Amino acid sequence: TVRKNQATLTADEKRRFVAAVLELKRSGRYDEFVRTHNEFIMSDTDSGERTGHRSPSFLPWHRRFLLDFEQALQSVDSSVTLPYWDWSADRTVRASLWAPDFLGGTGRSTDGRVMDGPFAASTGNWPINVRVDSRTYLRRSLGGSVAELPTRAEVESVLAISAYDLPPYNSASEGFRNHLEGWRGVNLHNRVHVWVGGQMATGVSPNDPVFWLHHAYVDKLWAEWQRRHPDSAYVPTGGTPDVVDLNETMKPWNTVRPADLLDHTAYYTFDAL
Amino acid sequence: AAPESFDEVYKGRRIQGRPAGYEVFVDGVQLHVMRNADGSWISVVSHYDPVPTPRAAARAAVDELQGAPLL
Ligand SMILES: [Cu+]
Ligand SMILES: [Cu+]
Ligand SMILES: [Cu+]
């Protein structure tokens, strides 16, 4: 029940994590996570209903989505937990994260195809089924579309924002959530997706296993922000059209509300917070 | 006030845009695109990288596809 920095995983943990992910893929369960994500990415709009992204619920929604995935992994191997990727620290193509024994590296320049690691198309173990770009192999272009990953300094500026979110509660909002998501400011979360490239830069981003590690760290940053701002909390708190208020339930689960996810310790703890 | 329509061949592929709120096609296949509050645009194949216009989004898609047909 402890989420660890990917850079600290043991050979066995990396092996077990990879095997569990591959089994969810084989059984067909994995693709459904990709499909669900793409559905919300496609429906969440700044002028209307928005639940998964560009809205205050971006954080609690992804927290629950990751819990769903982690629980699926644990149903295969109960010792497995979602590790997190601190992109402010491990910012190069040489991070152990991109080694052949973990996620594999960047894609070749010709077609962006990943050629090593357990998720390379050549293994016959990672078909890209849920897709828009008709190609069926995992693709990446680390640092191709955007020069640099967020720095610790930039992350710090965002963690310093006191307000969780602010009206109009969308991509135009000032405040922590939108600055963390990246639609405004130095850009943290959005920039990481762009930096990885390939499927990670699309609506079907969960096709790349790194998606979970990326969001596991974004999730950790929310928990850190809470520690710095004990006097701030989730908003809005009631009667906001098209936005998930604190005590309102969230789709697709319908049985959980942001209020039920604010405290991560009810589900897991971090190696270090 | 939706943007104007467009039709051109970009990197050997035909890209078209037209007000619906706005539709984009790559070689006759529709591409999901979205407008942000600040006026920028994104598409399903480049959803985390805002660009100034729908044509910019279509061109970004063609770039991303590297010749591959759109589903
Ligand atoms: Cu997402
Ligand atoms: Cu969209
Ligand atoms: Cu994301």
# chains A, B, ... in the order shown; residues from 1 in each chain; ligands from 1

$ closest_atom_pairs --of "chain B" --to "chain A" --cutoff "6 Å" --atoms "only C-alpha atoms" --output "CSV"
residue,atom,partner,partner_atom,distance
B:44,CA,A:203,CA,5.2
B:45,CA,A:202,CA,4.5
B:46,CA,A:202,CA,5.1
B:47,CA,A:202,CA,5.4
B:48,CA,A:190,CA,5.2
B:69,CA,A:134,CA,5.9
B:70,CA,A:133,CA,5.3
B:71,CA,A:132,CA,5.0

$ residues_near_ligand --ligand "ligand 1" --cutoff "7 Å" --atoms "only C-alpha atoms and all ligand atoms" --output "list in words"
residues 37, 41, 52, 53 and 62 of chain A

$ residues_around --residues "residue 15 of chain A" --least-positions-apart "3" --cutoff "10 Å" --atoms "only C-alpha atoms" --output "list in words"
residues 9, 10, 11, 12, 18, 19, 20, 80, 101, 102 and 118 of chain A

$ residues_around --residues "segment 243-252 of chain A" --least-positions-apart "6" --cutoff "10 Å" --atoms "only C-alpha atoms" --output "PDB file with N, CA, C and O atoms, in the first residue's frame"
ATOM      1  N   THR A  36     -11.894   4.195 -21.651  1.00  0.00           N
ATOM      2  CA  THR A  36     -12.568   5.075 -20.691  1.00  0.00           C
ATOM      3  C   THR A  36     -11.887   6.432 -20.682  1.00  0.00           C
ATOM      4  O   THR A  36     -12.546   7.476 -20.764  1.00  0.00           O
ATOM      5  N   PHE A  40     -13.545  10.383 -21.772  1.00  0.00           N
ATOM      6  CA  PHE A  40     -13.610  11.603 -20.980  1.00  0.00           C
ATOM      7  C   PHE A  40     -12.748  12.709 -21.567  1.00  0.00           C
ATOM      8  O   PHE A  40     -13.117  13.883 -21.531  1.00  0.00           O
ATOM      9  N   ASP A  46     -14.476  23.042 -21.890  1.00  0.00           N
ATOM     10  CA  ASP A  46     -14.437  24.244 -21.064  1.00  0.00           C
ATOM     11  C   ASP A  46     -15.790  24.931 -20.891  1.00  0.00           C
ATOM     12  O   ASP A  46     -16.035  25.569 -19.863  1.00  0.00           O
ATOM     13  N   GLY A  48     -18.841  23.267 -21.153  1.00  0.00           N
ATOM     14  CA  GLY A  48     -19.886  22.369 -20.697  1.00  0.00           C
ATOM     15  C   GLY A  48     -19.430  21.420 -19.612  1.00  0.00           C
ATOM     16  O   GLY A  48     -18.493  21.700 -18.861  1.00  0.00           O
ATOM     17  N   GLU A  49     -20.108  20.286 -19.529  1.00  0.00           N
ATOM     18  CA  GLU A  49     -19.775  19.281 -18.539  1.00  0.00           C
ATOM     19  C   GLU A  49     -18.307  18.894 -18.677  1.00  0.00           C
ATOM     20  O   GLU A  49     -17.815  18.642 -19.778  1.00  0.00           O
ATOM     21  N   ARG A  50     -17.605  18.873 -17.551  1.00  0.00           N
ATOM     22  CA  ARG A  50     -16.198  18.501 -17.533  1.00  0.00           C
ATOM     23  C   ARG A  50     -15.973  17.814 -16.204  1.00  0.00           C
ATOM     24  O   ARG A  50     -16.310  18.355 -15.148  1.00  0.00           O
ATOM     25  N   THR A  51     -15.417  16.612 -16.266  1.00  0.00           N
ATOM     26  CA  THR A  51     -15.189  15.809 -15.077  1.00  0.00           C
ATOM     27  C   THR A  51     -13.765  15.300 -14.906  1.00  0.00           C
ATOM     28  O   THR A  51     -13.180  15.432 -13.832  1.00  0.00           O
ATOM     29  N   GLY A  52     -13.219  14.706 -15.963  1.00  0.00           N
ATOM     30  CA  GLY A  52     -11.878  14.146 -15.881  1.00  0.00           C
ATOM     31  C   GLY A  52     -10.709  15.095 -16.055  1.00  0.00           C
ATOM     32  O   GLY A  52      -9.650  14.877 -15.465  1.00  0.00           O
ATOM     33  N   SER A  55     -10.794  20.816 -15.209  1.00  0.00           N
ATOM     34  CA  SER A  55     -11.802  21.083 -14.199  1.00  0.00           C
ATOM     35  C   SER A  55     -11.239  20.710 -12.835  1.00  0.00           C
ATOM     36  O   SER A  55     -10.248  19.977 -12.741  1.00  0.00           O
ATOM     37  N   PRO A  56     -11.850  21.228 -11.754  1.00  0.00           N
ATOM     38  CA  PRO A  56     -11.366  20.909 -10.405  1.00  0.00           C
ATOM     39  C   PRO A  56     -11.265  19.403 -10.110  1.00  0.00           C
ATOM     40  O   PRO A  56     -10.378  18.977  -9.367  1.00  0.00           O
ATOM     41  N   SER A  57     -12.159  18.604 -10.690  1.00  0.00           N
ATOM     42  CA  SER A  57     -12.147  17.161 -10.444  1.00  0.00           C
ATOM     43  C   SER A  57     -11.031  16.393 -11.176  1.00  0.00           C
ATOM     44  O   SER A  57     -10.887  15.186 -11.002  1.00  0.00           O
ATOM     45  N   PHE A  58     -10.245  17.098 -11.983  1.00  0.00           N
ATOM     46  CA  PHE A  58      -9.130  16.493 -12.699  1.00  0.00           C
ATOM     47  C   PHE A  58      -8.283  15.658 -11.725  1.00  0.00           C
ATOM     48  O   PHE A  58      -7.915  14.517 -12.032  1.00  0.00           O
ATOM     49  N   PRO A  60      -9.068  14.575  -8.242  1.00  0.00           N
ATOM     50  CA  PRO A  60      -9.725  13.428  -7.599  1.00  0.00           C
ATOM     51  C   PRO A  60     -10.118  12.346  -8.623  1.00  0.00           C
ATOM     52  O   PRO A  60     -10.054  11.149  -8.327  1.00  0.00           O
ATOM     53  N   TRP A  61     -10.522  12.768  -9.823  1.00  0.00           N
ATOM     54  CA  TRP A  61     -10.908  11.817 -10.868  1.00  0.00           C
ATOM     55  C   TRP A  61      -9.735  10.912 -11.234  1.00  0.00           C
ATOM     56  O   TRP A  61      -9.879   9.686 -11.303  1.00  0.00           O
ATOM     57  N   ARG A  64      -8.906   8.427  -8.472  1.00  0.00           N
ATOM     58  CA  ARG A  64      -9.770   7.248  -8.468  1.00  0.00           C
ATOM     59  C   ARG A  64      -9.465   6.319  -9.646  1.00  0.00           C
ATOM     60  O   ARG A  64      -9.461   5.093  -9.491  1.00  0.00           O
ATOM     61  N   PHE A  65      -9.213   6.905 -10.819  1.00  0.00           N
ATOM     62  CA  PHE A  65      -8.892   6.143 -12.026  1.00  0.00           C
ATOM     63  C   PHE A  65      -7.628   5.303 -11.787  1.00  0.00           C
ATOM     64  O   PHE A  65      -7.572   4.133 -12.161  1.00  0.00           O
ATOM     65  N   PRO A 168     -13.490  30.443 -13.717  1.00  0.00           N
ATOM     66  CA  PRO A 168     -14.561  29.577 -14.222  1.00  0.00           C
ATOM     67  C   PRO A 168     -14.337  28.066 -14.132  1.00  0.00           C
ATOM     68  O   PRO A 168     -14.982  27.303 -14.849  1.00  0.00           O
ATOM     69  N   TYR A 169     -13.422  27.639 -13.268  1.00  0.00           N
ATOM     70  CA  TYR A 169     -13.144  26.216 -13.078  1.00  0.00           C
ATOM     71  C   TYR A 169     -12.939  25.451 -14.383  1.00  0.00           C
ATOM     72  O   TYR A 169     -13.593  24.434 -14.630  1.00  0.00           O
ATOM     73  N   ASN A 170     -12.042  25.952 -15.221  1.00  0.00           N
ATOM     74  CA  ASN A 170     -11.743  25.297 -16.483  1.00  0.00           C
ATOM     75  C   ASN A 170     -10.302  25.592 -16.899  1.00  0.00           C
ATOM     76  O   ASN A 170      -9.489  26.006 -16.072  1.00  0.00           O
ATOM     77  N   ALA A 233      -8.685  23.909   0.486  1.00  0.00           N
ATOM     78  CA  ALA A 233      -9.328  22.642   0.189  1.00  0.00           C
ATOM     79  C   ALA A 233     -10.054  22.693  -1.143  1.00  0.00           C
ATOM     80  O   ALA A 233     -10.175  23.750  -1.764  1.00  0.00           O
ATOM     81  N   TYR A 234     -10.539  21.534  -1.567  1.00  0.00           N
ATOM     82  CA  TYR A 234     -11.249  21.404  -2.824  1.00  0.00           C
ATOM     83  C   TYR A 234     -12.409  22.387  -2.977  1.00  0.00           C
ATOM     84  O   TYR A 234     -13.147  22.657  -2.026  1.00  0.00           O
ATOM     85  N   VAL A 235     -12.551  22.913  -4.192  1.00  0.00           N
ATOM     86  CA  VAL A 235     -13.625  23.839  -4.547  1.00  0.00           C
ATOM     87  C   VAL A 235     -13.990  23.523  -5.996  1.00  0.00           C
ATOM     88  O   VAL A 235     -13.150  23.015  -6.755  1.00  0.00           O
ATOM     89  N   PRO A 236     -15.232  23.836  -6.415  1.00  0.00           N
ATOM     90  CA  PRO A 236     -16.311  24.467  -5.644  1.00  0.00           C
ATOM     91  C   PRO A 236     -16.975  23.569  -4.601  1.00  0.00           C
ATOM     92  O   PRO A 236     -16.860  22.342  -4.651  1.00  0.00           O
ATOM     93  N   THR A 237     -17.681  24.194  -3.662  1.00  0.00           N
ATOM     94  CA  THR A 237     -18.354  23.461  -2.601  1.00  0.00           C
ATOM     95  C   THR A 237     -19.877  23.509  -2.679  1.00  0.00           C
ATOM     96  O   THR A 237     -20.542  23.705  -1.661  1.00  0.00           O
ATOM     97  N   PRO A 258     -15.559  13.871  -4.813  1.00  0.00           N
ATOM     98  CA  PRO A 258     -14.220  14.412  -4.535  1.00  0.00           C
ATOM     99  C   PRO A 258     -13.888  14.331  -3.030  1.00  0.00           C
ATOM    100  O   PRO A 258     -12.752  14.028  -2.643  1.00  0.00           O
ATOM    101  N   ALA A 259     -14.890  14.597  -2.190  1.00  0.00           N
ATOM    102  CA  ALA A 259     -14.710  14.551  -0.738  1.00  0.00           C
ATOM    103  C   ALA A 259     -14.172  13.197  -0.268  1.00  0.00           C
ATOM    104  O   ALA A 259     -13.439  13.131   0.717  1.00  0.00           O
ATOM    105  N   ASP A 260     -14.522  12.127  -0.980  1.00  0.00           N
ATOM    106  CA  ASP A 260     -14.080  10.775  -0.619  1.00  0.00           C
ATOM    107  C   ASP A 260     -12.642  10.455  -1.034  1.00  0.00           C
ATOM    108  O   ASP A 260     -12.086   9.420  -0.640  1.00  0.00           O
ATOM    109  N   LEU A 261     -12.036  11.337  -1.819  1.00  0.00           N
ATOM    110  CA  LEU A 261     -10.690  11.097  -2.328  1.00  0.00           C
ATOM    111  C   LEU A 261      -9.604  12.083  -1.918  1.00  0.00           C
ATOM    112  O   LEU A 261      -8.438  11.888  -2.258  1.00  0.00           O
ATOM    113  N   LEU A 262      -9.977  13.134  -1.188  1.00  0.00           N
ATOM    114  CA  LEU A 262      -9.022  14.148  -0.756  1.00  0.00           C
ATOM    115  C   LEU A 262      -7.848  13.569   0.028  1.00  0.00           C
ATOM    116  O   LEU A 262      -6.706  13.959  -0.180  1.00  0.00           O
TER     117      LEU A 262
END

$ residues_around --residues "segment 6-11 of chain B" --least-positions-apart "6" --cutoff "10 Å" --atoms "only C-alpha atoms" --output "list in words"
residues 17, 18, 19, 24, 25, 26, 27, 54, 55, 58, 59, 62, 63, 66 and 67 of chain B

$ closest_atom_pairs --of "chain B" --to "ligand 2" --cutoff "8 Å" --atoms "only C-alpha atoms and all ligand atoms" --output "CSV"
residue,atom,partner,partner_atom_place_in_ligand_line,distance
B:32,CA,ligand 2,1 (Cu),6.3
B:33,CA,ligand 2,1 (Cu),5.5
B:34,CA,ligand 2,1 (Cu),4.6
B:35,CA,ligand 2,1 (Cu),7.9
B:42,CA,ligand 2,1 (Cu),6.8
B:43,CA,ligand 2,1 (Cu),5.9
B:44,CA,ligand 2,1 (Cu),5.6
B:47,CA,ligand 2,1 (Cu),6.6

$ closest_residue --among "B:13, B:37, B:56, B:49" --to "ligand 3" --atoms "only C-alpha atoms and all ligand atoms"
B:49

$ residues_around --residues "residue 218 of chain A" --least-positions-apart "6" --cutoff "10 Å" --atoms "only C-alpha atoms" --output "mmCIF file with N, CA and C atoms, in the first residue's frame"
data_model
loop_
_atom_site.group_PDB
_atom_site.id
_atom_site.type_symbol
_atom_site.label_atom_id
_atom_site.label_comp_id
_atom_site.auth_asym_id
_atom_site.auth_seq_id
_atom_site.Cartn_x
_atom_site.Cartn_y
_atom_site.Cartn_z
ATOM 1 N N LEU A 59 -8.011 16.213 -10.542
ATOM 2 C CA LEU A 59 -7.185 15.530 -9.546
ATOM 3 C C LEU A 59 -7.883 14.351 -8.852
ATOM 4 N N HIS A 62 -8.574 11.509 -11.481
ATOM 5 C CA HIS A 62 -7.429 10.697 -11.832
ATOM 6 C C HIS A 62 -6.968 9.878 -10.640
ATOM 7 N N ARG A 63 -7.188 10.390 -9.430
ATOM 8 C CA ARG A 63 -6.794 9.625 -8.251
ATOM 9 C C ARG A 63 -7.601 8.323 -8.233
ATOM 10 N N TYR A 84 5.781 6.023 -8.889
ATOM 11 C CA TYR A 84 5.608 7.339 -9.491
ATOM 12 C C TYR A 84 6.874 7.838 -10.164
ATOM 13 N N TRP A 85 6.699 8.669 -11.183
ATOM 14 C CA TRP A 85 7.835 9.209 -11.907
ATOM 15 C C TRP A 85 8.004 10.706 -11.642
ATOM 16 N N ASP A 86 9.055 11.062 -10.905
ATOM 17 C CA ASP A 86 9.343 12.462 -10.607
ATOM 18 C C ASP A 86 10.144 12.985 -11.794
ATOM 19 N N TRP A 87 9.431 13.554 -12.766
ATOM 20 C CA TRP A 87 10.048 14.080 -13.980
ATOM 21 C C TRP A 87 10.893 15.332 -13.752
ATOM 22 N N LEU A 180 -1.181 23.102 -12.173
ATOM 23 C CA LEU A 180 -0.631 21.754 -12.083
ATOM 24 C C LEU A 180 -1.005 21.007 -13.366
ATOM 25 N N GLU A 181 -2.264 21.125 -13.785
ATOM 26 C CA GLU A 181 -2.697 20.461 -15.018
ATOM 27 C C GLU A 181 -1.866 20.999 -16.193
ATOM 28 N N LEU A 188 2.954 22.051 -16.068
ATOM 29 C CA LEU A 188 3.546 20.844 -15.519
ATOM 30 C C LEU A 188 3.013 19.570 -16.193
ATOM 31 N N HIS A 189 1.822 19.136 -15.784
ATOM 32 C CA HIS A 189 1.202 17.917 -16.303
ATOM 33 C C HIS A 189 1.092 17.800 -17.824
ATOM 34 N N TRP A 212 0.586 5.902 -16.097
ATOM 35 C CA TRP A 212 0.273 5.650 -14.695
ATOM 36 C C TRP A 212 1.322 6.217 -13.753
ATOM 37 N N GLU A 224 1.260 16.818 -1.751
ATOM 38 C CA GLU A 224 2.270 17.721 -1.219
ATOM 39 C C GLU A 224 1.662 19.117 -1.046
#

$ select_by_dssp --residues "segment 140-245 of chain A" --states "helix (DSSP H, G or I)" --output "ChimeraX atom specification"
/A:152-159,176-181,189-196,198-201,205-207,210-228

$ residues_around --residues "residue 39 of chain B" --least-positions-apart "2" --cutoff "9 Å" --atoms "only C-alpha atoms" --output "JSON, numbers by chain"
{"B": [35, 36, 37, 41, 51, 52, 53]}
